[PDB]
Number of protein chains: 2
Amino acid sequence: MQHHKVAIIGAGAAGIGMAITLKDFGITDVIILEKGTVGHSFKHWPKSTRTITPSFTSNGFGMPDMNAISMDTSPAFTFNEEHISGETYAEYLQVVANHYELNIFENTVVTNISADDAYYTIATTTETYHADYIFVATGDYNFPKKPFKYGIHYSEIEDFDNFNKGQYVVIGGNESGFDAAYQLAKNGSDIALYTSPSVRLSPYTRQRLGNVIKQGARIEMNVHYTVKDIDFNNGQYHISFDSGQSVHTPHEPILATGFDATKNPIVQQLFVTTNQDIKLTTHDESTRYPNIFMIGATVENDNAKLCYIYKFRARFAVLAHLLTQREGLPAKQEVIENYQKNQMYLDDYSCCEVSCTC
Amino acid sequence: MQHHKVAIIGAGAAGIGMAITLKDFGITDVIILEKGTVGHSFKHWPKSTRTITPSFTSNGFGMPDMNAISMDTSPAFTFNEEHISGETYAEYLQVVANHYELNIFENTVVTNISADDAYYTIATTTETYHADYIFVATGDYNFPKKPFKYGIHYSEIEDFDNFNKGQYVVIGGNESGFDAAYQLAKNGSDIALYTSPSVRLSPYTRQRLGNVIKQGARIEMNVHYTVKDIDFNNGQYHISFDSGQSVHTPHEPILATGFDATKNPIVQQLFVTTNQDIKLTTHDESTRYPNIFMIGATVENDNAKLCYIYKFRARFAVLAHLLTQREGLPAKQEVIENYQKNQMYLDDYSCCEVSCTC
Ligand SMILES: Cc1cc2nc3c(=O)[nH]c(=O)nc-3n(C[C@H](O)[C@H](O)[C@H](O)COP(=O)(O)OP(=O)(O)OC[C@H]3O[C@@H](n4cnc5c(N)ncnc54)[C@H](O)[C@@H]3O)c2cc1C
Ligand SMILES: Cc1cc2nc3c(=O)[nH]c(=O)nc-3n(C[C@H](O)[C@H](O)[C@H](O)COP(=O)(O)OP(=O)(O)OC[C@H]3O[C@@H](n4cnc5c(N)ncnc54)[C@H](O)[C@@H]3O)c2cc1C
């Protein structure tokens, strides 16, 4: 019934962060609608997965803990950990949501959003809600890319310890693929990795991988290979490539293949989704519906992929301000200045240009 | 002979960083005078010591790698490491010094600085130099606190592996003391730690310490003890405390006791050094001599201890600007704005107030 100012779809990193930022800009009539519980995606990381980005409570001197979604919070503070488990990060989001008294509705699958006269109407599996501004914060963890007949996606592994010691193949040479190799190899398995790469790799994964290898771990990498299909016959898996002889392997291959936000129905209803790409204005706004915005790790602008918390969280306050100006309210320059001083006001993508001189 | 604009005493983290920042503000007639080689202190860390602060190349999106001493550099970039060895950090400072073409004079022990009419005169063991502005960047690693008859200071250990497996005592329950315990315990020794503390500890050291302990390591901590003296008699070391029965131990105790910058002759000549405290103006300037400043980890203001790279490096550009204004040159607002945007313009200590809400 209520004519809410804001509805945020999804109570993940981006939705919780955005709700806190909106509060700082004086916007409190905000509901968050979540299909599972706060931090759903993080709770479904494999058990051993840790953030590659390290948490340190540098919050006082100009940059908040890189994994924090608000200026005054820090997983390193709450948990005394540097590399955070998904389970711990879910709890971080719960601790922060409880503290800032966010109005969140769990176990509510948003099914349809449409325009009415005075607001947007939000159909869910629970009840209907209404709001002026919508922040689509739905991510993509539930839409992993599974292009072949077989293969276990990284996102569907509960615990790499459940795999018996043996011979495994990993497809995708990225952060998750090398993590998969490292998790399996640390338990004594032999891994073959096929990739479309160690040069793009974060220090955390690079050092962990290098240490098990330096200690004799058997991890091999084949570097100019693209998988055509995976089939199962004659008691084993057969990986066929575009250019190259097929390969056979005893256990199901692990796919570190990525995800696709355009597969989300809500994204399809609210944005132009031309080609696995979500079209947004320079203010992260839908080009179809006004006052509908996209937030989180799925925001790409080909001036920045925004896939890290420390990147996508810098947009929150830029949108909160825009919202206050469209509402005819004065600019909250005390607040805008805190965000700017703490690296959380990315208003110009021209200066996201990341490159070191040596 | 030359009437230099600037002389920086010390080519450590702070001296190299300050020279690069001065260059960005258009001040290039800068000499750096170093008693050893670039990064001398780091080269004399114990071999196993790593920065507790993690390096990640976040440089593009508003905060440079926390261990970097300039905006456009990153040990994570150059070395693909997160927790940096002292040896690697020395090389980082050398790579950056070579790239920015700093004018550095190694193996030059500065012995005396005094006022002349048109500039300051700098007596060294090599030759005499002259400069308008002096940045005292001498640190304190060579003045460890050794208050007892015996004890091996943490800073004088080359390699914790050289200690035979056995029974050790560590005095001081801080980052270095817990590192000492962890290094010895990981090689199977039993450690007794005496402290004036795990709550102040960084995530990196907390997790490493907790892991060896969880794996059965024998590390014990006695928490309300102050060492009076250490003596050696009857084949062993005797630790006597203010309040408490003495203790006896077979090997020389390891002191994680800290350092004292006021023991440096150059600091004594240029600052009021009342009580292990160095008196500075709100612009890090000497209260005795104008245009003489203190930079680095030794700058404390009881509004901030500035003992971390990410803290003390934020003062560089504030001083560089002050210098340009005293020179009657226009404010370089392009530069001032880069520094401000990258968390490296700490002009007001009132906002160094570090405290998380949860
Ligand atoms: C394995 C892995 C490791 C990562 N490691 C790092 C790291 O080291 N550092 C870093 O900065 N980032 C990391 N990330 C990247 C990024 O931070 C995460 O993807 C993060 O989850 C992005 O946050 P989000 O809010 O955009 O999405 P999510 O956290 O996925 O939140 C989306 C939420 O919306 C909900 N939802 C979806 N559809 C609906 C609907 N129809 N109705 C209601 N609710 C819905 C979901 O249940 C979910 O909780 C990692 C990601 C992955 C997958
Ligand atoms: C063991 C240890 C671990 C640390 N870990 C971290 C970390 O995790 N993260 C972090 O941010 N900081 C860390 N630090 C804190 C701080 O960053 C270091 O102390 C750092 O060395 C400070 O840099 P500096 O330039 O002020 O001093 P220094 O690096 O010590 O530089 C001073 C230089 O001046 C030279 N010098 C001294 N006297 C003279 C003279 N008379 N004439 C010419 N040259 C002279 C010296 O040779 C030396 O090279 C750590 C420090 C120690 C001791």
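Start at 1 and go down the list; that is how both ligands and their atoms are numbered. Every chain is numbered from 1 and lettered A, B, ... according to where its sequence line falls, protein lines coming before strand lines.
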Considering only N or O atoms, set out every pair between ligand 2 and the protein closer than 3.5 Å, with distances to one decimal place.
| residue | atom | partner | partner atom | Å |
| --- | --- | --- | --- | --- |
| ligand 2 | 8 (O) | B/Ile52 | N | 2.7 |
| ligand 2 | 8 (O) | B/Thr53 | N | 3.4 |
| ligand 2 | 8 (O) | B/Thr53 | OG1 | 3.4 |
| ligand 2 | 9 (N) | B/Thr53 | OG1 | 2.8 |
| ligand 2 | 11 (O) | B/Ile309 | N | 2.8 |
| ligand 2 | 25 (O) | B/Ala13 | N | 3.2 |
| ligand 2 | 25 (O) | B/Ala14 | N | 2.9 |
| ligand 2 | 26 (O) | B/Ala297 | N | 3.3 |
| ligand 2 | 30 (O) | B/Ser41 | OG | 2.7 |
| ligand 2 | 41 (N) | B/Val110 | O | 3.1 |
| ligand 2 | 42 (N) | B/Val110 | N | 3.1 |
| ligand 2 | 44 (N) | B/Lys35 | N | 3.1 |
| ligand 2 | 47 (O) | B/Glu34 | OE2 | 2.5 |
| ligand 2 | 49 (O) | B/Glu34 | OE1 | 2.9 |
| ligand 2 | 49 (O) | B/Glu34 | OE2 | 3.2 |

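- The aromatic ring centres of A/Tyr92 and A/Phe79 sit 6.0 Å or more apart.
- At distances below 3.5 Å, at least one donor-acceptor pair connects side-chain atoms of A/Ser58 with backbone N or O atoms of A/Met63.
- Ring pair B/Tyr129/B/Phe105 is tilted by interplanar angle, where 30° to 60° counts as tilted.
- Under the 3.5 Å distance criterion, with hydrogens and angles disregarded, a donor-acceptor pair is assigned to the side chains of A/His83 and B/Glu82.
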Exercise for the section: Carefully, step by step, assess B/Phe135 and B/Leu22 under the rule side chain to side chain contact (heavy atoms under 4.5 Å, CB included). Expected result: CA-CA 11 Å; B/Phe135 295 91; B/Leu22 282 165; 4.2 Å; yes

Which pairs of donor and acceptor atoms, one on a side chain in residues 30-39 of chain A, lie under 3.5 Å apart (sequence neighbours left out)?
| residue | atom | partner | partner atom | Å |
| --- | --- | --- | --- | --- |
| A/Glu34 | OE1 | A/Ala11 | N | 2.7 |
| A/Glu34 | OE2 | A/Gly36 | N | 2.9 |
| A/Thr37 | OG1 | A/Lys43 | NZ | 2.6 |

